[PDB]
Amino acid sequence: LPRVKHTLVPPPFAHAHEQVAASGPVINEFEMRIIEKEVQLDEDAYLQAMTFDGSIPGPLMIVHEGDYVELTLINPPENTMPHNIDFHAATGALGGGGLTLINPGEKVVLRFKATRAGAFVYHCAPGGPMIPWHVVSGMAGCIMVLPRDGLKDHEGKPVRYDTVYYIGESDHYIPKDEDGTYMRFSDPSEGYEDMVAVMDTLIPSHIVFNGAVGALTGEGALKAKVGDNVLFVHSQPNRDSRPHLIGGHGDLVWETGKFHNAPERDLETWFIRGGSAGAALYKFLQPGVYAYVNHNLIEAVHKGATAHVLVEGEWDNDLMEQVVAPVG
């Protein structure tokens, strides 16, 4: 088979690809380095992060149904623990976790057949309590396996996107000291027992897109223009989310994320099950600012689950118009 070496890019962007496969099955070669590091989630809050390739979420991989995926996974000697990878896209050996456990100073190569079309979570899952802990420390991403002939709507008709954005949502459990200030540690292990107590409450201290509060706002805002059909691929490896595009809709939504299932239409809010990725297409109709949020608004605003989309184009008063401006 032909082998294609890909260069991953940081989320929310995606490496170069084509929606409709240009070839018959290929072996897609990917490489990722595991990076443990403290990251700043908010002005007053830090996480002892464990990442694929230095980003939360890990980068998006895009392949086609029937392709193979060959991952070189490296755990550099400066990391402090073993890691592995479980692809929900894959069949067998706990998604690949049972064949990819590597100590710092080791690498491994896993191949699997992308037999099923859909956006899928991949995440670290080293065993026992390590499993949730690695995941809630940021060790999860997504692979999108597109049908070879691209996406189809509820009627089996072609649908093409102009832009794909990968929104990784992650819940985190940062402990606080007696003074109510978030705690900081030398490394992940020193913070573990304090983090476990917060985990056991099941209440996140933070719920973020692209690894930090406000990551996808300001300079990081998503960009589009009126007329663009945009695919929003949204992962949540540990906890449910309820995405909503404020001022928009889900034109075609695969909330369970698997492309051979008929999508729903016209959704106001959809549902991402913890442990999964979903996808929604919207064609922008109005210019302006949009917020993409988890529509538990406390999670959106207090916990950090808000992104912005900035949309260029011309306003359509037939869709919406302020007939009388605020007046006494």
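Take the two forms, find the largest set of C-alpha atoms that superpose within 1.5 Å, and that set is the rigid core. All residue numbers refer to positions in the sequence shown, first residue = 1.
Comparing the two stretches 93-101 and 171-179 by root mean square C-alpha distance in 4 other deposited structures of this protein, with all structures fitted on the core, the more displaced one is 171-179. Relative to the shown model and aligned on the rigid core, the C-alphas in 4 other deposited structures of this protein deviate most, among 180-188 and 130-138, for 180-188. Legend: mean Cα B-factor per stretch from the PDB entry, 76-84 versus 195-203; the higher mean is in 76-84.
As listed in the deposited structure, the average C-alpha B-factor of 232-240 and of 92-100 is greater for 92-100. Which of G248, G138, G218, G168 has the largest Cα B-factor in the deposited entry comes down to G218.
The maximum CA B-factor among the listed residues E43, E299, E264, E268, taken from the PDB record, is found at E43. Remark: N28 belongs to the highest third of its chain, ranked by C-alpha B-factor as recorded. Placement of the Cα temperature factor of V108 within the chain: highest third of the modelled residues, per the deposited record.
Annotation for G288: C-alpha temperature factor in the highest third relative to the rest of the modelled chain, per the entry.
Among all modelled residues in this chain, the alpha-carbon of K258 has a temperature factor (C-alpha) in the lowest third.
Among all modelled residues in its chain, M130 ranks in the middle third by Cα B-factor.
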